[PDB]
Structure formats: C-alpha cells, structure tokens
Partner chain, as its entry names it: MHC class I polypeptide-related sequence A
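Shown next as structure tokens: one chain only, the form solved without the partner chain.
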C-alpha cells in the first residue's frame, strides 16, 4: 500500500507526513515555517498511529500551547490534549513545549530557539 500524499522530501508513516528542521527558531518562527509549507507543528493524537515518535532523538518544538488564564494546554488548531498521550514535565517557565521520546513534553520558553518538527495530514 502507498503512504501519503506528502511533500516530496517528507517522511510518511501511517498516512501522516513528518519533516525535521535543523535550523533553530523560536516557537512563533517555527509555527510560521510549517504554515508556509501548508502544515502545522507536530500534533500528538495517537500513540498507536504515531508510534514512530518513539524513535525520535533530541528535542523539538511541537504544536502545544499553554493558556495561562486557563489551566489549559491545547494544540495550534484549538483542539485539546487527550489523555495518556504525553507526559508533561516542568523544565522552564513558559507557554510552549518540546517533544522528546518517548511521548514526553518539556515546558519551554517560547522565545528560546530550538529545532522543530512539522506534520501534515
């Protein structure tokens, strides 16, 4: 069976498209980058459908944003984080999060430059 469709130089896995970007940018720059490729930052919605994320090395911006006037974490598209997907770990005071294996999110200052993962589907 075929996987996709996905941009030419992207990784395809269970019909989701992923791309790693090694240029370090703040969270806002990274979101803008994925958007310019008609994608978004990594969104984690299923350990089963996205089990390749166990294989990811290093730490990378994903699309999770913290709403301080709530107790809320949400994805870019406004959807909620569902249960048993990410272990959220304090690291720095901030409103953004870095993905790390295995299915961890480290709270990070949105202004700090990091590598990032875009995702499309």
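For the two forms, the rigid core is made up of the largest set of C-alpha atoms that agree within 1.5 Å on superposition. Residue numbers count along the first chain shown, from 1.
Note to self: After superposing on the rigid core, which of 3-11 and 112-120 has its C-alpha atoms sitting farther from this form in 5 other deposited structures of this protein?
What the structure shows: After the core superposition, the stretch with higher RMS deviation in 5 other deposited structures of this protein is 3-11.
Next item on the list: Compare the other PDB entries of this protein and indicate whether residue 68 is left unmodelled in at least a third of them.
Entry: Yes, a third or more of the compared structures omit it.
Check: If you average the CA temperature factors over each stretch, which comes out higher, 33-41 or 59-67?
Finding: Mean C-alpha B-factor is greater for 33-41.
Note to self: Comparing average C-alpha B factors as deposited, tell me which of 111-119 and 1-9 sits higher.
What the structure shows: Mean B over CA atoms: larger for 1-9.
Next item on the list: Would you mind finding, among 50, 92, 72, 26, the residue with the largest C-alpha temperature factor in the entry?
Entry: Of 50, 92, 72, 26, 72 has the highest C-alpha B-factor.
Next item on the list: Using the B-factors in the PDB entry, rank residue 16's C-alpha atom against the chain and give the third, lowest, middle or highest.
Entry: As the PDB entry reports it, the C-alpha B-factor of residue 16 lands in the highest third of its chain.
Another form, the form deposited with the partner chain bound, is not on view; read the next lines as being about it.
Check: Though only this chain appears here, would residue 90 touch the partner chain in the deposited complex if you measure heavy atom gaps against 4.5 Å?
Finding: Residue 90: yes, in contact with the partner chain in the deposited complex.
Margin query: in the deposited complex, does every one of 58, 100 and 108 come within 4.5 Å of the partner chain, counting any heavy atom?
Written below: The answer is yes; 58, 100 and 108 each reach the partner chain.
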